[PDB]
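A short worksheet on the structure shown next.
Every residue, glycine as well, gets a Cβ built from its backbone with ideal geometry; the counts of neighbours run over all protein chains shown. Bear in mind that the values in this text are calculations on the coordinates, not laboratory data.
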Amino acid sequence: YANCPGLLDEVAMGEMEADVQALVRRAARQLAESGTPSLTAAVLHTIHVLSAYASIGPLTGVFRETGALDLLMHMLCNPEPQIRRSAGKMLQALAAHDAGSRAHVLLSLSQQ
Amino acid sequence: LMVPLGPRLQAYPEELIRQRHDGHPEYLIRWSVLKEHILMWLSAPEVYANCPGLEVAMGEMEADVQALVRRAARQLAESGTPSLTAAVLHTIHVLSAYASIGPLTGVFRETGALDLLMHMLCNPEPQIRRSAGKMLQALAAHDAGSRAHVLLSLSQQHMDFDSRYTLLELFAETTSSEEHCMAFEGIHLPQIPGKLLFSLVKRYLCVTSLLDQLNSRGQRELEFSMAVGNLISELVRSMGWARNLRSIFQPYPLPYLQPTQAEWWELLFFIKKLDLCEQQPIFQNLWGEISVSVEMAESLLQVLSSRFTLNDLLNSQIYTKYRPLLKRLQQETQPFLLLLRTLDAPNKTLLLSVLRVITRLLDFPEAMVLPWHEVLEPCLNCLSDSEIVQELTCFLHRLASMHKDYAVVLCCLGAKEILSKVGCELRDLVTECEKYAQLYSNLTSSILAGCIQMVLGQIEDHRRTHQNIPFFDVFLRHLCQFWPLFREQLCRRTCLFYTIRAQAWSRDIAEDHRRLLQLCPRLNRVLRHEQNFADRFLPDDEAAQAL
């Protein structure tokens, strides 16, 4: 109020969070099925969709709330190199929103 | 697979982008060149020859996009809140993310999203407008044709020249596709005034839309013919350059060396140029593949010439082989060229008469038909006699006080620095708006490059057709008489095309050895077509030998 006062519909946000939860479920289903390149390409498309979902600013609380972190970590341990790079880009896009997600992600990534 | 392009140039493909006389699915692919990157259209057998390697979720995402658009309808209908714009912005983020997927383009177009973009056109929020532009850019990345359609629906809406400039600049920024992306020339392409730019932009949009939609077939023939003709005519006019106009392969008899429709094409184009009242009698007298006699063509040419831009046709080749002063200058724009040349020459009597005449003639607004602008190059480049210099400055000032479009034309001419070097109010005239020269340069260069892309791509596509767009001779000839750089582009294009075809033929022949007996006539036909191309469209025997 003293220095800069001027600087002072989430249903769709939560809906997209739940939809991303279903999408991550389907993506992990494809990851368990990642023995055929068709499902691998579909999983890459799903990961692109997941990143686009991650492009939001304020919904990081839901993004972690859906427990996407562990699924993403498993995806980083997948032998899909291009998909691994894409997931890394998605995590980096996530990083600007919050630091704690990144810290926990890499920290769990270390204990392998 | 590595493609040997040149002594230092090599190439290699990147990915499939799209699909489509074959009547079969096809594929357009980009190719990175290591020594920029090129784009090409191939066919599935040629794909297997050269590029061997390269579901219900689509339905789910389509339902998501449809429902999202339905929600965004209300998200935009309630644009009266600080949260309204932000929710619309989030919706736009989701959309532009979705439309970056190939299949989503048809869904968005089928979703009536043109209505959404239209509601975005009237955006007082510059953030919302630029976000819609970003969405359109993503749509163009998805598919150029859908982007053309959307921008046309935007164009489907005498508006303010400033508003016109705003809309056109937005469209130029948004539609800077990879095709619109092109190499800077580095050589002086002359100034392009504003209204010419707007008209040519409209024509280019028409041409691109028709070309994308190309694939009875006579409809496609007429569409491509009319679009290419109008574009070539407008580009020649705005450039104004129309006022200036043995063995093919060896360095026994050659079977290919031993062996008009385009005239009818010009005739039909001009008959289409005639209005309904004008064109109807000629069409009735005629009553796309009309067979005629030379006398019939002469009669049609006379009938066309007998009624009424006309001087532009008078400067053509088909005419060879087969307040009153303002209207007069309209009938003969070459008289305007003569006036400009007369001013384009010492003594003070001639130049004084020229200056006084221009001043006393501009007083009548009837100059709207005349361009009155082509001279502006030397009026600032050359002029420095005291009275003469004052007269030139006052003439520029009068032009500035007349038209803000002509003011922008002088702004591109950079009259600010010169009038600062000077008898100075013209500098203040130039100090009206200095934030449009980048727009002028960008739009002009991009449009010229786009036209060159169109012609080169058409020739490449015809290479498989082996069978005439109006005035195409004029454009390629003017570009033929720059030519080093564009010639480099042409030879690179031909090299890639023919390498792909040759590898395809070799792969086919490897299957069965009986193929060569049928192979020989194929080479005959190909070499014949190349010889025809070289004979019709290439002056320098050295150029033909290089090709």
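Observations, loosely collected:
- Candidate set from the stretch B:83-93 (those that are at the interface with chain A (Cβ under 10 Å from one of its Cβ atoms) and within 13 Å of B:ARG70 (Cα to Cα)); member that is surrounded by the fewest Cβ atoms within 10 Å (Cβ to Cβ): B:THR91
- The criterion of at least 2 residues that are among the charged types (D, E, K, R) is met by the following helices (runs of 4 or more DSSP H) wholly inside the stretch B:355-456: B:386-402, B:404-412, B:415-421, B:425-430.
- Filtered residue count, the stretch B:102-142, keeping only those that are assigned to a loop (DSSP other than H, G, I, E, B) and buried (at least 19 other Cβ atoms within 10 Å of the Cβ): 1
- Residue match in the stretch A:29-47 (condition: among the polar types (S, T, N, Q) and over 15 Å from A:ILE83 (Cα atoms)): no
- Residue in the stretch B:31-54 that is charged (D, E, K, R) and within 10 Å of another protein chain (Cβ to nearest Cβ) present: no
- Number of the condition not met by B:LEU205 [criteria: (1) in contact with a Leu (Cβ under 8 Å, 6 or more places away or on another chain); (2) among the aliphatic types (A, V, I, L, M); (3) assigned to a loop (DSSP other than H, G, I, E, B)]: (3)
- Any chance B:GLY59 is part of a helix (DSSP H, G or I) and away from chain A (no Cβ under 11 Å): yes
- Residue ID - nearest to B:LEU114 (Cα to Cα), chosen from residues in the stretch B:70-82 that are facing chain A (nearest Cβ under 10 Å) and among the polar types (S, T, N, Q): B:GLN75
- Applying the criterion of being more than 34 Å from the chain's Cα centre (by Cα) and exposed (fewer than 14 other Cβ atoms within 10 Å of the Cβ) to the residues of the stretch B:391-424, the residue that is farthest from B:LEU197 (Cα to Cα) is B:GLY423.
- Qualifying position, being under 30 Å from B:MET120 (Cα atoms) and aliphatic (A, V, I, L, M), among B:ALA44, B:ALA49, B:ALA99: B:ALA99
- Any chance B:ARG71 is in a helix (DSSP H, G or I) and over 28 Å from A:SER38 (Cβ atoms): yes
- The single condition among (1) more than 30 Å from the chain's Cα centre (by Cα); (2) closer than 30 Å to B:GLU425 by Cα; (3) surrounded by 14 or more Cβ atoms within 10 Å (Cβ to Cβ) that B:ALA297 does not satisfy is (2).
- Residue among A:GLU15, A:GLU33 that is under 18 Å from B:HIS90 (Cα atoms), surrounded by fewer than 17 Cβ atoms within 10 Å (Cβ to Cβ) and either out of contact with any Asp or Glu (no Cβ under 7 Å at 6 or more places or on another chain) or of a type in the set (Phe, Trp, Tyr) (or both): A:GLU15
- Filter result (over 30 Å from A:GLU10 (Cα atoms) and surrounded by fewer than 14 Cβ atoms within 10 Å (Cβ to Cβ)) within the stretch B:49-82: B:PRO52, B:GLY53, B:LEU54, B:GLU55
- Helices (runs of 4 or more DSSP H) completely within the stretch A:1-67 that count 1 or more residues being over 18 Å from B:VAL56 (Cβ atoms), of a type in the set (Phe, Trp, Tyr) and within 10 Å of another protein chain (Cβ to nearest Cβ): A:37-54
- B:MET40 satisfies every condition listed in (1) in a strand (DSSP E or B); (2) exposed (fewer than 14 other Cβ atoms within 10 Å of the Cβ) except (2).
- Test: residue in the stretch B:9-26 that is surrounded by 18 or more Cβ atoms within 10 Å (Cβ to Cβ) and within 14 Å of chain A (Cβ to nearest Cβ): no
- Filter result for B:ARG515 (surrounded by fewer than 17 Cβ atoms within 10 Å (Cβ to Cβ) and under 23 Å from B:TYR256 (Cβ atoms)): yes
- Residues being within 34 Å of the chain's Cα centre (by Cα) and among the charged types (D, E, K, R) - total across the stretch B:36-61: 2
- Within this structure, A:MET75 fails the test of being closer than 23 Å to B:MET58 by Cα, within 14 Å of chain B (Cβ to nearest Cβ), crowded, with 19+ Cβ neighbours inside 10 Å and not hydroxyl-bearing (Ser, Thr, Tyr).
- When the residues of the stretch B:41-62 are filtered to those that are among the small types (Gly, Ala, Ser) and out of contact with any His (no Cβ under 8 Å at 6 or more places or on another chain), the one that is nearest to A:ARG26 (Cα to Cα) is B:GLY59.
- Test: residue in the stretch B:110-127 that is within 13 Å of chain A (Cβ to nearest Cβ) and either under 25 Å from A:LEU44 (Cβ atoms) or among the hydroxyl-bearing types (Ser, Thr, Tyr) (or both): no
- B:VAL107 being over 30 Å from B:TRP31 (Cα atoms) and not charged (D, E, K, R): no
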